[PDB]
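Student: Structure supplied as start-v9.cif; contents: mmCIF, C-alpha atoms and all ligand atoms.
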```
data_run
#
loop_
_atom_site.label_atom_id
_atom_site.label_comp_id
_atom_site.auth_asym_id
_atom_site.auth_seq_id
_atom_site.Cartn_x
_atom_site.Cartn_y
_atom_site.Cartn_z
CA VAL A 1 0.00 0.00 0.00
CA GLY A 2 1.09 3.42 -1.11
CA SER A 3 -1.14 6.29 -0.14
CA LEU A 4 -4.29 6.68 1.99
CA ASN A 5 -6.90 9.06 0.34
CA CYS A 6 -10.57 9.99 0.70
CA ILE A 7 -12.55 11.32 -2.29
CA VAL A 8 -15.98 13.00 -1.87
CA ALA A 9 -18.41 15.34 -3.78
CA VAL A 10 -20.12 17.72 -1.13
CA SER A 11 -22.77 20.48 -1.58
CA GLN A 12 -22.45 23.88 0.06
CA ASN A 13 -24.44 22.56 3.09
CA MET A 14 -21.82 19.74 3.36
CA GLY A 15 -24.41 17.27 2.08
CA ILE A 16 -23.13 13.98 0.69
CA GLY A 17 -26.33 11.88 0.29
CA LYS A 18 -30.12 11.95 0.38
CA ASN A 19 -31.78 8.52 1.05
CA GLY A 20 -28.66 6.74 -0.02
CA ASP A 21 -28.68 8.72 -3.32
CA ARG A 22 -26.74 11.71 -4.58
CA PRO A 23 -28.60 14.88 -3.57
CA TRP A 24 -27.92 16.46 -7.07
CA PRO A 25 -28.53 15.25 -10.61
CA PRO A 26 -25.80 13.07 -12.20
CA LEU A 27 -22.47 14.67 -13.09
CA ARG A 28 -21.01 12.43 -15.69
CA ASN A 29 -17.69 14.32 -15.80
CA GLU A 30 -17.54 14.58 -12.01
CA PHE A 31 -18.20 10.78 -12.21
CA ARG A 32 -15.44 10.17 -14.76
CA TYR A 33 -12.94 12.01 -12.56
CA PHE A 34 -14.00 9.79 -9.64
CA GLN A 35 -13.45 6.63 -11.77
CA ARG A 36 -10.15 8.08 -13.11
CA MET A 37 -8.78 9.13 -9.64
CA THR A 38 -9.69 5.82 -7.96
CA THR A 39 -8.76 3.43 -10.70
CA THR A 40 -5.33 4.72 -11.79
CA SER A 41 -2.33 2.98 -10.22
CA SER A 42 0.98 4.70 -9.90
CA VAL A 43 2.86 1.33 -10.17
CA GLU A 44 2.47 -1.35 -12.87
CA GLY A 45 0.79 -4.64 -11.94
CA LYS A 46 -0.83 -2.87 -9.01
CA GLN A 47 -4.47 -1.95 -8.54
CA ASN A 48 -5.91 0.43 -5.95
CA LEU A 49 -8.04 -0.73 -3.01
CA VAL A 50 -11.46 1.14 -2.65
CA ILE A 51 -13.06 1.07 0.86
CA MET A 52 -16.80 1.99 1.48
CA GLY A 53 -19.53 1.54 4.12
CA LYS A 54 -22.37 -0.94 3.54
CA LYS A 55 -24.67 1.83 2.53
CA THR A 56 -22.32 3.42 -0.02
CA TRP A 57 -22.01 -0.04 -1.59
CA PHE A 58 -25.75 -0.47 -1.90
CA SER A 59 -26.19 3.06 -3.30
CA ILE A 60 -24.08 2.14 -6.40
CA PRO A 61 -26.20 1.09 -9.35
CA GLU A 62 -25.98 -2.80 -9.39
CA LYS A 63 -24.51 -2.51 -12.84
CA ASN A 64 -21.51 -0.55 -11.57
CA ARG A 65 -20.76 -3.19 -8.87
CA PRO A 66 -18.03 -4.00 -8.15
CA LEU A 67 -16.13 -0.78 -9.16
CA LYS A 68 -14.09 -2.43 -11.88
CA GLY A 69 -10.36 -2.29 -11.98
CA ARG A 70 -10.15 -1.95 -8.17
CA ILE A 71 -10.31 -4.24 -5.10
CA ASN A 72 -13.69 -3.51 -3.45
CA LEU A 73 -13.77 -3.66 0.34
CA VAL A 74 -17.05 -3.11 2.26
CA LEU A 75 -16.66 -2.03 5.88
CA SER A 76 -19.46 -3.33 8.17
CA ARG A 77 -20.02 -4.75 11.65
CA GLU A 78 -23.40 -6.36 10.98
CA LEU A 79 -22.42 -8.18 7.75
CA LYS A 80 -21.05 -11.68 8.28
CA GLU A 81 -19.87 -12.02 4.64
CA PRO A 82 -19.17 -9.54 1.82
CA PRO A 83 -22.26 -8.51 -0.18
CA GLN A 84 -22.64 -10.20 -3.51
CA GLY A 85 -20.04 -8.78 -6.03
CA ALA A 86 -17.75 -7.33 -3.26
CA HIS A 87 -14.32 -8.73 -2.52
CA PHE A 88 -13.54 -8.31 1.22
CA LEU A 89 -15.35 -7.34 4.38
CA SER A 90 -13.71 -5.70 7.37
CA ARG A 91 -15.16 -4.66 10.67
CA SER A 92 -13.13 -1.38 10.78
CA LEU A 93 -10.55 0.71 8.74
CA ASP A 94 -7.78 -0.65 10.97
CA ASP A 95 -8.87 -4.18 10.19
CA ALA A 96 -9.11 -3.14 6.51
CA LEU A 97 -5.55 -1.77 6.73
CA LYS A 98 -4.10 -4.80 8.52
CA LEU A 99 -5.48 -6.98 5.63
CA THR A 100 -3.22 -4.98 3.31
CA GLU A 101 -0.24 -6.16 5.34
CA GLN A 102 -1.35 -9.78 4.99
CA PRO A 103 0.66 -11.11 2.00
CA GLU A 104 -2.90 -11.18 0.71
CA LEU A 105 -2.90 -7.71 -0.89
CA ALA A 106 0.44 -6.67 0.52
CA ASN A 107 2.09 -7.01 -2.90
CA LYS A 108 -1.09 -6.22 -4.88
CA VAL A 109 -2.17 -2.75 -3.61
CA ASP A 110 -0.96 0.66 -4.76
CA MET A 111 -3.21 3.39 -3.20
CA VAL A 112 -6.24 3.05 -0.89
CA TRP A 113 -9.28 5.20 -1.52
CA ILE A 114 -12.13 5.86 0.97
CA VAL A 115 -15.24 6.58 -1.04
CA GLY A 116 -17.96 7.00 1.67
CA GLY A 117 -19.97 7.36 3.98
CA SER A 118 -19.57 9.98 6.74
CA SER A 119 -18.73 7.38 9.23
CA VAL A 120 -15.97 5.92 7.20
CA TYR A 121 -14.61 9.37 6.41
CA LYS A 122 -14.99 10.62 9.94
CA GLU A 123 -12.88 7.65 11.10
CA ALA A 124 -10.24 8.00 8.29
CA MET A 125 -9.88 11.73 9.12
CA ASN A 126 -8.81 10.75 12.61
CA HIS A 127 -6.46 7.89 11.65
CA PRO A 128 -3.09 9.55 12.47
CA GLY A 129 -0.63 9.46 9.59
CA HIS A 130 -0.57 11.10 6.15
CA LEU A 131 -3.88 11.60 4.40
CA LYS A 132 -5.22 13.52 1.45
CA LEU A 133 -8.77 14.58 0.89
CA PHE A 134 -9.88 15.00 -2.74
CA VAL A 135 -13.02 17.19 -2.38
CA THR A 136 -15.47 18.07 -5.13
CA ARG A 137 -17.30 21.26 -4.00
CA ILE A 138 -20.80 21.56 -5.52
CA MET A 139 -21.41 25.22 -5.37
CA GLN A 140 -25.04 25.06 -4.21
CA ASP A 141 -27.41 23.78 -1.53
CA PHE A 142 -29.06 20.41 -1.90
CA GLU A 143 -31.43 18.82 0.66
CA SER A 144 -29.44 16.09 2.37
CA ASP A 145 -29.79 13.67 5.26
CA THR A 146 -26.08 12.77 5.53
CA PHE A 147 -22.99 15.10 5.69
CA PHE A 148 -19.18 15.18 5.35
CA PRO A 149 -17.49 16.05 8.68
CA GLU A 150 -15.94 19.50 9.23
CA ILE A 151 -12.46 19.86 7.72
CA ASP A 152 -9.93 21.26 10.27
CA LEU A 153 -7.78 23.88 8.47
CA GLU A 154 -5.37 23.94 11.41
CA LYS A 155 -4.69 20.37 10.38
CA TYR A 156 -5.26 20.06 6.61
CA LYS A 157 -3.80 22.46 4.07
CA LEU A 158 -5.67 23.18 0.86
CA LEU A 159 -2.93 22.65 -1.88
CA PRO A 160 -2.52 25.60 -4.37
CA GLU A 161 -2.78 22.94 -7.04
CA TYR A 162 -2.38 19.30 -7.79
CA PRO A 163 -1.33 17.49 -11.01
CA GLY A 164 -4.24 15.89 -12.97
CA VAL A 165 -6.91 17.93 -11.19
CA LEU A 166 -8.47 20.90 -12.97
CA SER A 167 -8.18 24.11 -10.87
CA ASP A 168 -11.08 26.07 -12.35
CA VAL A 169 -14.88 26.03 -11.94
CA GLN A 170 -16.63 23.23 -13.80
CA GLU A 171 -20.12 23.24 -15.00
CA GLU A 172 -22.65 20.61 -15.69
CA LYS A 173 -26.40 20.86 -15.89
CA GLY A 174 -26.35 24.47 -14.64
CA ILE A 175 -24.58 23.38 -11.40
CA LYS A 176 -20.97 24.70 -10.93
CA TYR A 177 -18.37 22.73 -8.87
CA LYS A 178 -14.60 22.94 -8.23
CA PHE A 179 -11.92 20.36 -7.16
CA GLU A 180 -9.75 20.77 -4.03
CA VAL A 181 -6.92 18.60 -2.60
CA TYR A 182 -6.27 18.83 1.15
CA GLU A 183 -3.28 17.31 2.80
CA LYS A 184 -2.58 16.32 6.33
CA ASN A 185 0.32 14.61 8.17
CA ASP A 186 0.24 14.13 11.98
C1 LIG B 1 -24.22 8.35 -3.42
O1 LIG B 1 -25.22 8.11 -4.41
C2 LIG B 1 -24.66 7.51 -5.54
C3 LIG B 1 -25.21 7.03 -6.66
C4 LIG B 1 -24.39 6.49 -7.66
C5 LIG B 1 -23.02 6.43 -7.49
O2 LIG B 1 -22.11 5.88 -8.37
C6 LIG B 1 -22.59 5.52 -9.67
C7 LIG B 1 -22.46 6.91 -6.31
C8 LIG B 1 -20.98 6.83 -6.04
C9 LIG B 1 -20.11 8.05 -6.04
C10 LIG B 1 -20.18 8.91 -7.16
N1 LIG B 1 -19.47 9.98 -7.34
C11 LIG B 1 -18.59 10.28 -6.37
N2 LIG B 1 -17.89 11.39 -6.63
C12 LIG B 1 -16.96 11.72 -5.77
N3 LIG B 1 -16.25 12.84 -6.02
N4 LIG B 1 -16.71 11.06 -4.61
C13 LIG B 1 -17.38 10.01 -4.30
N5 LIG B 1 -16.98 9.47 -3.14
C14 LIG B 1 -18.39 9.49 -5.19
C15 LIG B 1 -19.19 8.34 -5.05
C16 LIG B 1 -19.11 7.39 -3.86
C17 LIG B 1 -23.29 7.42 -5.35
#
```
Could I get this file's structure written as structure tokens?
Tutor:
Amino acid sequence: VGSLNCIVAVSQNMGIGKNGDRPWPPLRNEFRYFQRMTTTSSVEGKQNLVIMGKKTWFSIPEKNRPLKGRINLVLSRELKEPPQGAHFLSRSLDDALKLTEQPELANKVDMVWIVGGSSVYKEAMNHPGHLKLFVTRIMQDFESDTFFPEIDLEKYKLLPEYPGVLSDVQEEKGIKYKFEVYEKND
């Protein structure tokens, strides 16, 4: 395992989901960027590991499951086995990390990506160590029922830029958004 990262799209109210769905219409290019960031390995013969809560897994259209090109890990305490189409099940992020160390994925994993939900992000955001947040800011309010936790600027620095990430305002379906990379180490 190389790097530990979290990727999220968030509305101005810090909304990440509404009844397990996206609180905004589809954003095909925001989606393509998500697929591109998470799938791309920085080391031949390696694939990235994607981690998600039970509920983020079930919110992905059946058709898109598993996220292809990546090892899919579902994080749950109630599940006794991995949902159909998933590859591994861990009780916590710590257990999910340890598994990496097993010669199991040890030699097979480049980067690890946390793709949801608040719980899983909240807990990654507290794992001590180096972490990067790839945030997609949707520049409007959307009714939500679940939120991203508060980013601590005394801890994470917004990078002035990052290679492979557009720096300017994007626009799809009359909804503007921008990409931000935060970095922490502690
Ligand atoms: C959350 O509601 C849905 C519905 C469909 C769906 O994938 C097809 C998803 C997954 C999805 C999509 N875009 C993202 N976009 C970003 N930037 N970050 C995410 N973590 C993310 C996720 C988890 C989430």
Student: Show me which residues are within 7 Å of ligand LIG 1 (chain B) counting only C-alpha atoms and all ligand atoms, and format the list as a list in words.
Tutor: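 Residues lying within 7 Å of ligand LIG 1 (chain B): residues 7, 8, 9, 17, 20, 21, 22, 30, 31, 34, 56, 59, 60, 61, 64, 115, 116, 135 and 136 of chain A.
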Student: Do you know which residues are at most 10 Å from residue A:37 counting all atoms listed in the file, after dropping those on the same chain fewer than 4 positions away, and could you put them as a PyMOL selection string?
Tutor: chain A and resi 7+31-33+41+48+113+134+164-165
Student: Fewer than 3 positions away in the same chain doesn't count, so skip those; otherwise give me all residues within 9 Å of residue A:128, counting all atoms listed in the file, as a VMD selection string.
Tutor: chain A and resid 124 to 125 131 185 to 186
Student: Got a sec: who's within 7 Å of residue A:10, counting all atoms listed in the file, leaving out chain neighbours fewer than 4 positions off, as a PyMOL selection string?
Tutor: chain A and resi 14-16+136-138
Student: Using all atoms listed in the file for the distances, tell me which of A:140, A:39, A:3, A:84 is nearest to residue A:54.
Tutor: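 Result for the nearest residue to residue A:54: A:84.
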